[PDB]
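In the block that follows, a single chain appears as structure tokens, in the form deposited in one PDB entry.
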């Protein structure tokens, strides 16, 4: 009866911080005075503190639709792609997609990209956030963007990649036109966005292709990092539910109402927009 919510570590949408020895969460406010609402999350066995854009949205959806929840972090740490089961013609999803389809989760509340591949199997909400794909590099690295020669004609001297088992991994694997770029990326893809972002700072990864809502926040907080400033593909984040879930209709209505409410504008100002 308590909805099992799965999510993933991805600032500024989901922060994950240790709990106090009390087992409760440090009380904070934003620099503008608004309370930072925190929920207990379980993840890799240990209770932790989770907050951010999507946590604020989850609390709004729960209060609006009058349901209770318990939040856990995805066990394998991935967003979700569909893979072949070895020695089999079966296919299965990993990441949060697999947890939602198997029943370990009743709802995905995370920056989960809406695409055709996932929409075949699950139901997406109307987008709660519109954004796209961009490229993050270290300050001093100079590329024009997705069409830079060092990306269209890759080599081991300039390493670029994305996150494994993600929507970006899907997007480059499926397009005939990205066959050369995908061959380079699949040798260097990272297990999580945080590891990839740290590799860009440490000059072990030269370009990171990822979500603009995340990369632009990272550049606004870490002066050694910059983006192309260009979106080469536009996409949206949606709440993920199983087919014919009883909450599908009202979740989408609440998201549309929240956009028109200015509530999403408040979340955007609080979590997303910076200098």
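Residue numbers count along the first chain shown, from 1.
Where the other entries of this protein model the residues before and after it, residue 102 is kept in all of them rather than dropped from a third.
Compared against other deposited entries of this protein, residue 203 counts as consistently modelled, with coordinates in all of those that resolve the residues around it and thus below the third mark. A chain break between residue 44 and residue 45 is present, corresponding to 10 or more residues of the deposited sequence without coordinates. Comparing the deposited coordinates for 201-209 and 109-117, the stretch with the larger average C-alpha B-factor is 201-209. Looking at mean Cα B-factors across 182-190 and 128-136, the upper value is held by 182-190. Per the deposited coordinates, the residue with the largest Cα temperature factor out of 169, 92, 99, 148 is 148.
Sorting the modelled residues of the chain by their CA temperature factor places residue 158 in the highest third. For residue 62, the recorded CA B-factor ranks within the middle third of the chain. Only modelled residues enter the ranking. Per the deposited record, the Cα B-factor of residue 226 falls in the middle third when ranked against the other modelled residues of its chain. Among all modelled residues in this chain, the alpha-carbon of residue 16 has a temperature factor (C-alpha) in the middle third. When the modelled residues of the chain are ordered by C-alpha B-factor, residue 33 sits in the middle third.
Just so you know, the form deposited in another entry exists too; it's not on screen, but the next bit is about it.
The rigid-part assignment between this form and the one not shown places residue 193 and residue 171 together.
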